[PDB]
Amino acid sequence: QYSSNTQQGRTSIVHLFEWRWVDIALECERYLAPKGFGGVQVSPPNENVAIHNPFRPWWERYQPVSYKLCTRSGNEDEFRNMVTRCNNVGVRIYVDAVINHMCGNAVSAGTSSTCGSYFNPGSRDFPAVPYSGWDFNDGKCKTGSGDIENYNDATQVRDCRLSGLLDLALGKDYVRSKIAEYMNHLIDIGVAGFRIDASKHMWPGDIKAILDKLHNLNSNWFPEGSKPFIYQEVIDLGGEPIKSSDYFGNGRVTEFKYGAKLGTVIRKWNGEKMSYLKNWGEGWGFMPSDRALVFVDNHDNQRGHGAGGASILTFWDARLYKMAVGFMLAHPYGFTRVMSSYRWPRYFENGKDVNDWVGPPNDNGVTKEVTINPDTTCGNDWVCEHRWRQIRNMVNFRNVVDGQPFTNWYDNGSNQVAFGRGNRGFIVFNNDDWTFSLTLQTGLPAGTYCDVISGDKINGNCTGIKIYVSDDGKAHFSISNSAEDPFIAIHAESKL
């Protein structure tokens, strides 16, 4: 469950948040694959509730109605097509498994669901699964409201409803089998792994129990004995009885400390600065590197009230986003995931985004297709950070320097750093307010390297900055505190 199952060098997976299958299919073939991306974190592919108030939320997909692969992204047919096509290009698909609950109990009974299955939350009836009264933890939960009231009572966290969300009774085999059936169905199609949603609200043991019921990856794209890659969403920044570690037995864990801290350091808040990043990794109190799944921002927290808080850097602050993402990708710690969002009428009001609920760009609740522009950017309001050059090349930079150790770190006791990955890469940062000039030991073979940030190496030449390295490995760098991008990166493949 620890192996990504990616294909050939590929070190990172992108989350094409709320995208439609037909669009990820294409995206895979036309970009993802040729641009070295490992895989795609898809949105909950199961039939969910249709929330009309507010209008079609970004979170209605985390409120299950059945396990029919039939969401706003498409139907099973379209879904299979995507996996098949993406797999044919070495781009893995990772399904967002929503398995601790169904929809909110308050929700009105009816057919208001992405696939039209009937369902009555008040009576606990989900005929399309099927689930019923005794398949939910109603009895088991010890709280007065039946809701999670105190995150200090590890037990009520897993046995009670998260925000009123009907908590499936995962202790029962009927339920574990129904879920395993769902996840196995996916696997048979060609899935490479999952993102176990709300892992904190599930007993590690239950998650294991369920995982153990899984088949092996489809012999048609994976080797014999391939195990579904498993990363579980657990938000643990201390202060709670439940610890990320509690889940290492099932697979990787989402390290939310990573993105939080990094952002705090890039934003230069709380006296933090980049020179303090010498021992970035387990050194800053982060879960063991090969049990971690990192990212700067994830779909949820990029909206402000996630784990990190206002400190989380998102696409909105591009100049600093690109940097934090660049640093992350360049550093060896954890397994990386890059975000790819969509734009929305962000309107802050005393502390909150009154619109952080807004769903994907659409036309009367119908998700807009992702259109590509001659300059490789997207249309219809899809941000497409994964297509940005500064990130894209760094997504590749990671690939190129894979396996190489962290070294040749330099700092100016401020915000001007730089470090390399063995002899295949080097990256230099300047988050200070004064031009950065100095000759650094790049630990790279002599030659002329193209900065894959300001440009690329095309037809034997750089389109951006050129860096000159000499036998002794040294090279001079110059990054103005107001440069387009205050950081430069070079690697074995960007050498002329």
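Heads up, when I say rigid core I mean the largest set of C-alphas that superpose within 1.5 Å between the two forms. From 1 onward, residues are counted along the sequence shown.
Asks: In 4 other deposited structures of this protein, superposed on the rigid core, which stretch sits farther off in Cα RMS terms, 345-353 or 115-123?
Replies: The more displaced stretch in 4 other deposited structures of this protein turns out to be 345-353.
Asks: Using the rigid core for superposition, please say which stretch has the greater CA deviation in 4 other deposited structures of this protein, 283-291 or 297-305.
Replies: Between the two stretches, 297-305 moves farther in 4 other deposited structures of this protein.
Asks: Could you check which stretch, 320-328 or 202-210, carries the larger mean CA temperature factor in the entry?
Replies: Looking at the record's C-alpha B-factors, the answer is 320-328.
Asks: If you average the CA temperature factors over each stretch, which comes out higher, 351-359 or 96-104?
Replies: So the stretch with the higher mean C-alpha B-factor is 351-359.
Asks: Specify which of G309, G263, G251, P405 carries the largest Cα B factor in the deposited PDB entry.
Replies: The C-alpha B-factor peaks, among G309, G263, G251, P405, at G309.
Asks: Tell me, please, which of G259, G164, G281, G420 has the highest C-alpha B factor according to the deposited entry?
Replies: Going by the entry's C-alpha B-factors, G281 comes out highest.
Asks: What third of the chain does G146 rank in for C-alpha temperature factor, lowest, middle or highest?
Replies: For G146, the deposited C-alpha B-factor lands in the highest third.
Asks: Sort the modelled residues of this chain by their C-alpha B factor and say whether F55 lands in the lowest, middle or highest third.
Replies: Ranked within chain, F55 CA B lands in the middle tercile.
Asks: Report the third (lowest, middle or highest) to which the CA temperature factor of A489 belongs, ranking only the modelled residues of the same chain.
Replies: Its C-alpha B-factor belongs to the lowest third of this chain's values.
Asks: Would you check the entry's CA temperature factor for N373 and let me know if it's in the chain's lowest, middle or highest third?
Replies: CA B-factor rank for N373: middle third.
Asks: Quick check for you: using the entry's CA B-factors within this chain, is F315 in the lowest, middle or highest third?
Replies: Answer is lowest: the recorded C-alpha B-factor places it there.
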